[PDB]
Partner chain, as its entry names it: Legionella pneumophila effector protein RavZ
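Just one chain is shown here, as structure tokens, and it is the form deposited without its partner chain.
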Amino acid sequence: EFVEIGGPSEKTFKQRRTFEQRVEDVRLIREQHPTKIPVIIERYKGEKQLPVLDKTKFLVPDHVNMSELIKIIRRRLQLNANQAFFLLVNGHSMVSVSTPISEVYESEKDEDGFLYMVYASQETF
């Protein structure tokens, strides 16, 4: 009784902006806001439980830790407590990171200068 409208596939941020454009975005944002970390937060490509986030490109104050950031993203997605949520950077879960996001940036940032995160309702695919 419902009909599926097929739809174009979901494009990632790296698909939408070229590498050189991303590199310049970060160079500018780091000069203008040296205390903010430039983060790209995207839903895992095969995710079927969690909704899509309203935006993609974030500036996160450098002292914010991962437990704080998880709380912010769950709030932005308007999740209830019954809903699981995992935030992954480069193939590993950010739940138990102690450090501020400043240190995650230093360890994990892309070549382009963004820190990429993916969320999902499971930790491993």
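Positions refer to the first chain, counted from 1. What we label the rigid core is the largest C-alpha set whose atoms superpose within 1.5 Å from one form to the other. Only residues modelled in both forms are compared.
There is also a form deposited with its partner chain bound; it is not shown, and the following applies to it.
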| property | result |
| --- | --- |
| Touches its partner chain in the entry with it bound: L87 (any heavy atom, 4.5 Å) | no |
| Residues from 65-82 in contact with its partner chain (non-hydrogen atom within 4.5 Å) in the entry with it bound | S67, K71, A81, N82 |
| Position that moves between the shown form and the other one after core superposition, taken from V95, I73, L50, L59, with Cα shift of 2 Å or more | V95 |
| Core-referenced shifts between the shown form and the other one - contiguous stretches of at least three, CA at least 2 Å | 80-83, 90-99 |
